[PDB]
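The chain that follows stands alone, in the form deposited in one PDB entry, written as structure tokens.
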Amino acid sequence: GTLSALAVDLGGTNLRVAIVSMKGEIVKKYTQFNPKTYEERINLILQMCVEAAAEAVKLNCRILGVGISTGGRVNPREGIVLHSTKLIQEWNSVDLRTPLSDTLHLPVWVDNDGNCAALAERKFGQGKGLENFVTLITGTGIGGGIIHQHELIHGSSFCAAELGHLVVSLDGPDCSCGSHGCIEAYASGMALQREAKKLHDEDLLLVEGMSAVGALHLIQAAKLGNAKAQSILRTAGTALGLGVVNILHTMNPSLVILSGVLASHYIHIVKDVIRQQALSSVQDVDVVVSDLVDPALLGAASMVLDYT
């Protein structure tokens, strides 16, 4: 059999389960909405993992374990989701290792989704071999992961690299975390979706050449000359850039990897903000867009593949 992992990724919108090969190929991926309650969510994770495990046999893949990427603060040693922002409701003090390992008879690893993104970039991506790098993954929310001396920083209370909650305003838009002025509150998918929905509500988004509203609509409108959309995207990208400047002046990594579909749209503004505002000693920092399709899911697999 192809040595493989089962990988789960639980984000602000979607719950995905995949069979991933030891080379980082996604063999098969199942996608559902992340349910809004604990009971539904745990049951769906189990269902999807059991079905994926059965298909793996039919696809001749030998599953070595299960890795779970999730939003929230996580204790990876104990496989417990400690605390989540409201992007995932009813997801506090949750033992994921026990129910999954009991159901599937497999070892189970769990980490925060940004930390998994970092692990993917270290194994399969542009972080391979590097002593220090940081990643920011834009999705519903913004996740972060920090590699220092080749290893993740988890922090004294497993809250390191909550990079979506870097604050770049004294005021600013409200964040789902309960704060305001967080980069996530400016630049996440959810933030852009809201701003697009607000413009579309006021008949102010659509422009000649387009016609369920989201971040990509705002970006399309901006390419097609919508002035309000361009301004929103500049503000968003500037905020993210300032988050990155904070990271540079804190950790001073050699490389920043931006991932998620919005990364390509933000990279130039992030580079410009660094150029215009960061200290000269961090100007040699490389800022790139990830070459991985799905860092969090790949990073969940990497925990199994490297540690089983």
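All residue numbers are counted from 1 along the displayed sequence. For clarity, a rigid core is taken as the largest C-alpha set superposing within 1.5 Å between two forms.
Peer 1: What number of deposited residues lacks coordinates in the span between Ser93 and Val94: none, 1 to 3, 4 to 9, or 10 or more?
Peer 2: Unmodelled stretch: none, continuous chain.
Peer 1: Going by the average Cα B-factor in the PDB entry, point out whether 213 to 221 or 105 to 113 comes out higher.
Peer 2: Of 105 to 113 and 213 to 221, the stretch with the higher C-alpha B-factor average is 213 to 221.
Peer 1: Mean CA B-factor: is it higher for 190 to 198 or for 83 to 91?
Peer 2: Comparing averages over the C-alpha atoms only gives 190 to 198.
Peer 1: Checking the entry, which one of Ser231, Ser169, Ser176, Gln126 has the top C-alpha B factor?
Peer 2: Each of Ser231, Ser169, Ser176, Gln126 was compared by C-alpha B-factor; the highest is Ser231.
Peer 1: Per the PDB entry, which option out of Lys271, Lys29, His249, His265 has the greatest Cα B factor?
Peer 2: Top of the list by C-alpha B-factor: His265.
Peer 1: Within this chain's modelled residues, let me know which third the CA B factor of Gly145 belongs to: lowest, middle or highest.
Peer 2: Within its chain, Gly145 is a lowest-third residue by C-alpha B-factor, going by the deposited values.
Peer 1: Would you mind ranking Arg122 by its C-alpha B-factor against the rest of the chain and naming the third, lowest, middle or highest?
Peer 2: For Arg122, the deposited C-alpha B-factor lands in the lowest third.
Peer 1: Give the position of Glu208 by CA B-factor within its chain, expressed as the lowest, middle or highest third.
Peer 2: Its C-alpha B-factor belongs to the highest third of this chain's values.
Peer 1: For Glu131, return the chain-relative third of its C-alpha B-factor as stated in the PDB record: lowest, middle or highest.
Peer 2: Tercile = highest for this residue's CA B-factor.
Peer 1: Just say lowest, middle or highest third for the CA B-factor of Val261 relative to the other modelled residues in its chain.
Peer 2: Highest third - that is where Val261 ends up once the chain's C-alpha B-factors are sorted.
Beyond what is shown, the protein has a form deposited in another entry; the following relates to that form.
Peer 1: Quick check for you: superpose on the rigid core, then look between the shown form and the other one for a C-alpha move of 2 Å or more. Which of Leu106, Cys177, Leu206, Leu130 is it?
Peer 2: After core superposition, the single residue displaced by 2 Å or more is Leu106.
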